[PDB]
Amino acid sequence: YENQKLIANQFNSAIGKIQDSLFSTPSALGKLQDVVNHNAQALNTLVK
Amino acid sequence: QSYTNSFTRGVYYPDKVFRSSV
Amino acid sequence: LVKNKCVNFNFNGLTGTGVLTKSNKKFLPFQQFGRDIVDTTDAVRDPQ
Amino acid sequence: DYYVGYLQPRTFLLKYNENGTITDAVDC
Ligand SMILES: *[C@@H]1O[C@H](CO)[C@@H](O)[C@H](O)[C@H]1NC(C)=O
């Protein structure tokens, strides 16, 4: 109740930093891409 | 009578199969 | 030669089943077949 | 005014262009 404004500003800055971090770094979403690539590799080996 | 080195020459088409961007 | 019909073909010894349509691919004037990353016949040139 | 070389059994990686033309093969 005393530092409401400061906490709100901190949260607002943090969410923007998270958005920028996700936008910039391309290796953040490694796991999902790895799953997709593994499935594609399995199918390609099977057909080959 | 002399000797040289083949930089990148000697590549030919192995077969008669068309391939696109592979 | 028929087109747009599921018809068996025997192009110059290459045999299979499929639908034969018009192709926009450019062939060098020595290549007969056509493959892809999966290594299956995708396009063939008319022996005639 | 000419060169002679002998062929050996190797393994090669070839890059085909969209118009299927071999460019920049690499040895193995
Ligand atoms: C490939 O073929 C197209 C269509 O003829 C042509 O415009 C292009 O210059 C050719 N070469 C390359 C490297 O794209």
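Rules used throughout
Residues numbered from 1 in each chain as written, not as in the entry; some residues may be left out. Chains lettered and ligands numbered in written order. Part of a larger assembly, values for the part shown. Heavy atoms only, no water. Pairing = 2+ DSSP bridges. Helix = DSSP H or I, 4+ residues; strand = E, 2+ residues; numbered from the N terminus. Buried < 20%, exposed > 50% of the residue type's maximum accessible area, 1.4 Å probe, protein only.

- Per the PDB record, this model was obtained through cryo-EM at a reported resolution of 2.94 Å.

### Overview of the pairing of strand β1 (residues 12-16) of chain D
Residues and elements named next belong to chain D.
- Where β1 lies against strand β2 (residues 22-27), four bridges are found, and the strand directions are antiparallel. Counted as the bridge partner of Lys15 is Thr23 from β2.
- Connecting the antiparallel pair β1 and β2 is a turn made up of five residues.

### Comments concerning unusual backbone geometry
- The residue B:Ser21 is not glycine, and still its phi comes out positive at about 55 degrees.
- Note on placement: B:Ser21 falls in the segment after β1 (17-18).
- Positioned with a positive phi, C:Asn4 is a non-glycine residue whose angle comes to about 65 degrees.
- Judged by relative accessible area, which is 59%, C:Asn4 ranks as exposed.

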